[PDB]
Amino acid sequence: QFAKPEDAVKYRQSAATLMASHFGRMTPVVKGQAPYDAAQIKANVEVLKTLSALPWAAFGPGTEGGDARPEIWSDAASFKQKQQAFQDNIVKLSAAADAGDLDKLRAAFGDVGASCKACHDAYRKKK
């Protein structure tokens, strides 16, 4: 869907921006600094689930740019493993949210964050 590689870069960066907001806005809730409303979090995690499927199709070969490290394309299987494992972690977060289980939510939230970081550490250029 991208006329030029720059369009893929802009897309995946915007998807990431939205993921960071929908993930990060739950930090106060999982810390107990903001109240836990199960329906609110269920709905937010459903947005995050949709968003968290979106970046990967925007790393389609030849879309080097931005802060993607080159290793994404040359090790396609390993990058796919990491995005699939991340989306798996999002499924666990969805299950916790859908159950209204705050303890499971906290644990799942931590695992998701670790998965974001693990991918960035391997595949995102430093600043």
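Numbers follow the displayed sequence, beginning with 1.
In this entry, 112-120 shows the higher mean Cα temperature factor of the pair 112-120 and 10-18. Of the two segments examined, 67-75 and 37-45, it is 67-75 that shows the higher average Cα temperature factor in the deposited entry. When all modelled residues of the chain are sorted by CA temperature factor, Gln83 is found within the middle third. In the PDB entry, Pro28 places in the middle third of its chain by CA B-factor.
Among all modelled residues in its chain, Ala99 ranks in the highest third by Cα B-factor.
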